[PDB]
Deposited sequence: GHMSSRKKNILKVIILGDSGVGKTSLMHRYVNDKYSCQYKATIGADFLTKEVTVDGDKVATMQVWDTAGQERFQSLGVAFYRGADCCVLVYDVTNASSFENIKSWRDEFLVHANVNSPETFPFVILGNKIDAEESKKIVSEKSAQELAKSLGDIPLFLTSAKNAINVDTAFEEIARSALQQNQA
């Protein structure tokens, strides 16, 4: 029924921006709401409501998917991806750590090339080493790939929700 999605990653990577792009299709250069909600549409039907939880017992409870976000211009954000994945599994008490879904987002892909520091290859290798986690490279700013990425986040959440 309701899909709970958590977004983790270092501060400054674009977690809040990606949520706003997904939820409201906007971006500019929310206090008091623990989550924002967006109706998921698949094949032109409304199938479910997604809660997107941006950055605790009630915090982890009920999570259906976990999204991990680095910034392709910040090397340290990328090196911390496995830490965030691990921090989640160690605290969230999920029914089946073996099968719980993560999705990795490499954000700010709109940046000039000279400012990119993390290569696509390195990210594909890490996503693989972590259990073949889906990898998307994204731009909240320019609306690049966030639709396709959340399409897979929603699909992962739906599968976990109904398991």
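Compare the deposited sequence with the modelled residues and state the ranges that are missing C-alpha positions.
No coordinates exist for the deposited residues in 1-8, 38-41, 68-76, so these stretches are absent from the model.
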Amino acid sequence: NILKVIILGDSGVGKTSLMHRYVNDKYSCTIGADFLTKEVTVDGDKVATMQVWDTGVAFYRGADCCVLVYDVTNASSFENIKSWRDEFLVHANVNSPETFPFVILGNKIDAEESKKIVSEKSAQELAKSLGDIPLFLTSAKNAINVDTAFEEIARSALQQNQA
From here on, numbers count along this sequence of modelled residues.
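So which stretch wins on mean C-alpha B-factor, 110-118 or 62-70?
Here the higher of the two C-alpha B-factor means belongs to 110-118.
Out of 40-48 and 94-102, which stretch has the higher average CA B-factor listed in the record?
It is 40-48 that shows the higher mean C-alpha B-factor.
Based on the entry's values, in what third of the chain does the Cα temperature factor of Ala157 lie: lowest, middle or highest?
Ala157: CA B-factor falls in the lowest third of its chain.
Of the three thirds of its chain by CA temperature factor, lowest, middle or highest, which one includes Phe35?
Its C-alpha B-factor, which the entry lists for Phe35, ranks in the middle third among residues of this chain.
C-alpha B factor of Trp53, ranked within the chain: lowest, middle or highest third?
As the PDB entry reports it, the C-alpha B-factor of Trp53 lands in the middle third of its chain.
Would you mind ranking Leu3 by its C-alpha B-factor against the rest of the chain and naming the third, lowest, middle or highest?
CA B-factor rank for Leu3: middle third.
Grab the CA temperature factor for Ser11 from the record and place it in the lowest, middle or highest third of its chain.
According to the entry, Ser11 has a C-alpha B-factor in the chain's highest third.
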